[PDB]
Amino acid sequence: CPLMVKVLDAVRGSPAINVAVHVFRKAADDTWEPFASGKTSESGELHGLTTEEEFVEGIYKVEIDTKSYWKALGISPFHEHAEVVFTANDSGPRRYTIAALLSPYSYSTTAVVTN
Amino acid sequence: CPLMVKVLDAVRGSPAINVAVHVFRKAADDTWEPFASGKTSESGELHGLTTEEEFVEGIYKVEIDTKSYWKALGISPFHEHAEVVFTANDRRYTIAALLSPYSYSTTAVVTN
Amino acid sequence: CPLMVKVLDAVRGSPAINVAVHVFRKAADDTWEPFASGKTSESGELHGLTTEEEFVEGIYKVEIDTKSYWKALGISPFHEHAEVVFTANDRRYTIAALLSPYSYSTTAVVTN
Amino acid sequence: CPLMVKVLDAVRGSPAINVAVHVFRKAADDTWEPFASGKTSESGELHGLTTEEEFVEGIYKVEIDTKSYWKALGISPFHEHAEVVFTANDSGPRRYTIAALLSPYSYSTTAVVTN
Ligand SMILES: O=C(O)CCON=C1c2ccccc2-c2ccccc21
Ligand SMILES: O=C(O)CCON=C1c2ccccc2-c2ccccc21
């Protein structure tokens with residue numbers, strides 16, 4: 001699995017479950033084409049977005065729908081979503097984990113990239 | 001000054017200086033219209049982006065050119081940039097970003 | 001003002017006000033001697049902890065009473081406190097802390 | 001495994017490997033008794049510190065030896081170590097993961113607690 005997303009909730013100290021994630025790839029004409037989407041599981045993970053074959057070099061945007069997450073918990077958060085944008089596979093295939101840690105007015109995101 | 005940006009460098013423990021920041025407002029057609037831009041000062045801050053008159057309710061995007069920052073330091077970064085997207089609803093907004101090569105955090109400090 | 005503390009609340013997007021902070025210096029016997037303390041202001045800051053004369057090289061601990069902060073808000077936190085331990089080596093040190101109930105980050109901004 | 005530690009390196013975007021971790025428990029006489037120790041693996045994880053039986057209620061300190069980590073990489077970091085202090089198991093047994101994300105002048109730590 002070359003692209004995985006892991007999301008944690010900093011208020012509850014738990015996985016962030018049922019978080020919607022939309023992945024896009026920057027096209028030849030410079031716009032963002034839909035690439036993959038899904039929702040985090042009970043462990044706050046999202047696997048199976050793509051395949052090695054499909055996940056070619058390019059600029060990708062991983063959009064994490066943080067607002068919908070907080071709103072469903074009664075919280076009115078600051079951000080609309082958390083967007084993570086990166087060049088992938090430009091030195092050959094790598095495995096990427098995009099981790100996000102969420103609070104209503106703050107988030108962090110870290111990439112763990114392995115070869 | 002209704003909107004301020006503060007950027008920090010977590011490798012060096014310092015303000016991130018000369019970091020380009022572009023702000024956009026979302027238009028009725030769902031595109032991002034350029035709104036404000038500048039480069040962070042010696043204190044890692046960018047003030048004077050707007051005025052209260054100009055900064056009406058709406059969805060804004062603040063794009064922080066983190067890639068160029070790291071490149072200038074000779075360090076290979078992960079992200080193309082850091083994007084911060086939020087609705088301005090009617091005080092003073094401080095968007096802060098703490099930068100590392102493969103990680104960043106962003107926090108909104110909203111005050112009167 | 002060689003040592004400043006800044007505390008932020010990541011749930012509310014605000015300075016963390018009235019947060020008690022205790023600073024200690026490590027003594028020759030490896031114990032922590034009380035050094036400075038105060039409570040954060042309305043801007044989440046604590047200034048005037050020391051002077052340059054007093055703030056000699058050595059290992060310091062800054063303890064931030066995060067548990068009491070959350071309790072006062074009716075929120076159940078994880079940590080007993082946030083501890084920040086570092087060697088002062090000879091400028092101006094700003095210890096910043098971003099607080100959430102089950103998470104915190106701390107950053108040193110060291111400048112001239 | 002009721003207590004696990006996971007450490008990531010924010011400069012390299014990788015697990016933080018061979019990080020020394022020392023765990024202490026606050027004693028009856030108010031001092032910190034050694035409780036467990038170990039080092040993170042190639043995945044940046046440390047399992048097997050304790051057992052359910054041994055990990056009774058108490059105040060614990062997880063000390064992460066961040067300085068030694070950075071120094072071994074040629075970096076002179078700000079902090080001596082990252083200390084995480086918490087009451088454990090005071091509402092019955094829980095599983096705790098103490099995650100730390102490291103940069104030379106900054107770190108964050110998050111607890112994920114499951115029942
Ligand atoms: O600061 C950020 O955004 C990153 C902070 O996330 N911490 C991460 C974390 C926390 C608890 C349990 C597992 C993981 C994990 C696994 C793989 C990759 C990253 C992380
Ligand atoms: O980790 C994050 O995203 C938050 C970390 O930022 N720390 C902040 C910080 C650090 C040093 C000096 C001044 C400030 C500041 C001012 C206004 C608002 C936020 C912050």
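In listed order, ligands and their atoms are each counted from 1. Chain letters run A, B, ... following the sequence lines, proteins first, then strands; residues in each count from 1. The analysis underlying the following values was restricted to heavy atoms, covering all of them including side chains, and did not include hydrogens, waters or symmetry mates.
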Item checked: Sub-4.0 Å atoms of ligand 1 with respect to non-hydrogen atoms of D/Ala99 -> 10 (C), 11 (C)
Check: Among D/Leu101, A/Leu8, A/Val5, which one has a heavy atom closest to atom 11 (C) of ligand 1?
Finding: A/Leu8
Check: Does a sphere of radius 6.0 Å around NZ in D/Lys39 hold more than 12 heavy atoms from other residues, nucleotides or ligands, not counting ones at 6.0 Å or beyond?
Finding: no
Item checked: Whether C/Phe78 and C/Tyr102 hold their rings parallel, tilted or perpendicular, with breakpoints at 30° and 60° -> tilted
Next item on the list: Using heavy-atom distances, let me know which of D/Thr109, D/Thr110, A/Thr110, D/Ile98 sits nearest atom 5 (C) of ligand 1.
Entry: A/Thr110
Margin query: So, taking the atom named NZ in C/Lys67 and the one named CZ in D/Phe86, what distance separates them when rounded to the nearest 0.5 Å?
Written below: 12.5 Å
Next item on the list: In plain terms, say whether A/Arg95 and A/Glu52 are close enough for a salt bridge, that is, a side-chain N and a carboxylate O under 4.0 Å apart.
Entry: yes
Note to self: If you take the nearest heavy atom of each of C/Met4, C/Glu45, B/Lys6, B/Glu45, which one is closest to atom 13 (C) of ligand 2?
What the structure shows: B/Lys6
Notebook entry, point to check: Under 30°, 30 to 60°, or over 60°: which ring-plane class applies to A/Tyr60 and A/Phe35, parallel, tilted or perpendicular?
Noted result: perpendicular
Next item on the list: Using a strict 4.0 Å cut-off to heavy atoms of A/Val112, name the atoms of ligand 1 that fall inside it.
Entry: 18 (C)
Checklist line | atom 17 (C) of ligand 1: nearest protein contact (heavy atom, Å) | finding: A/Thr97 CG2, 4.2 Å
Margin query: Polar contacts were defined as any N/O atom of the residue lying under 3.5 Å from an N/O atom of the ligand; does this apply to B/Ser105 and ligand 2?
Written below: yes
Notebook entry, point to check: Distance only, no hydrogens: is a donor on one side chain within 3.5 Å (strictly under) of an acceptor on the other, for A/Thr110 and B/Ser103?
Noted result: yes
